[PDB]
C-alpha cells in the first residue's frame, strides 16, 4: 500500500468500483479501500434491472441522467470482459410493467410519448408471456430496461481497474478523512495514505464521512428482502414489474424475485414476514411461481436520502473531496454515468450543468 495516490476511492460497491475503473482509465494513479469484499454489500442484493423508466415520473434531469447511463451500458459488457474475463451476464429480454387497475394504466400511459416504450393490451401481453397473471389490464413494454447481475458488473469493473493499474484494498475500512494540509489524509487500520482527491462511495454508510467533513447530509437505510426460485417449467423472457416489485428471469434458469421496503432497518438478513410478503406478491404476478423450488433468500440496504436522489458531486468548500452516494434503487443503472461524472469532475473536464446541479451536495 503506497503512501500517496493521486486519487482515493472509499467504498468498493458497484459505485466505487465504477469510479476506480474510469479514474484508472484516465491513467490516474488511484487506490480503492473497501471495508469487506468488493461488492459484498447492497450491490450483491440488487436485482440488476437497468430501470431508467422506473423513475421517469417528471422528465427532469434525474431521468435524463438515468437514460444517459442506460445508454452507457451499450458495449460495456464487451469492454469490461476484454480486460477482466468477467461476464456481466446481461439479459436483453426487456420489461413488462404490469397494470392491475385503471390507476396503474393511467400511471403507465403517462410515458407513451417516449420511444421504445409501447403499451400492450391484456391479450398482447399474454401472447408474449402466457403465464403472467390474467388479472392484468395490460402492460407497458420497456425494451431497454434490461438486466445484468450486479455482483459481476462490480467484479468486472474492479478486475478491469486492476489491470489498468488501480490498487484495490479489501478488508481495509477507512476510519477518517483529514482535509488538513495541502493534500488529503485518510486513516485506515492498515496504514494511512495521502491523496490529491478523495471520493466517498460508501453507500448507505457514507453519512459518517459527510459529518466528518462538516456536512449534514443524512442517509436512511430502506431494507429490501428477496428470494430466488428455479424456473424449470415455463417460458419467461421478460421481466415482470409491478409496484416496485419484480420477477426477473436470469440466464441461469433462476428467477430473482422481490422486494420489501423496510425504512430504518439496518439488518441485512430477511425476516419471515418479509419473505412471506414477497412470495405472496410474486404469486399475483406470476401464478405458477408458487410451484417453483426455492433457491436462496437475502436482503440489502438501499441508500435512502432526504429527497430520494443521490449526491454526486464536489464538497461545497473543497473541490478535492467528491461524493457519490444515495442511489436508492437505481445504483446498478447509474454506475456508469456516476463513475464517468465523478471521473470528469476530478479530471476537471466540462460536464452537464443540469446533472451537476441536480445531484449537488448542498441541495435545499
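Residue numbers count along the first chain shown, from 1.
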Output the stretch having the higher mean C-alpha B factor in the entry; the candidates are 200-208 and 171-179. 171-179
Higher avg CA temperature factor (209-217 vs 97-105, as deposited) belongs to 209-217
From the list 28, 302, 296, 41, select the residue with the highest C-alpha B factor recorded in the entry. 28
Based on what the PDB entry reports, which of 227, 245, 114, 156 has the top C-alpha B-factor? 114
Relative to the other modelled residues of the same chain, rank the CA B-factor of residue 137 and answer lowest, middle or highest third. middle
Split into thirds by Cα B-factor across the chain's modelled residues, where does residue 14 land: lowest, middle or highest? lowest
Divide the modelled residues of the chain into thirds by Cα B-factor and specify which third, lowest, middle or highest, holds residue 233. middle
Report the third (lowest, middle or highest) to which the CA temperature factor of residue 121 belongs, ranking only the modelled residues of the same chain. middle
With respect to C-alpha B-factor, does residue 49 fall in the lowest, middle or highest third of the chain as deposited? lowest
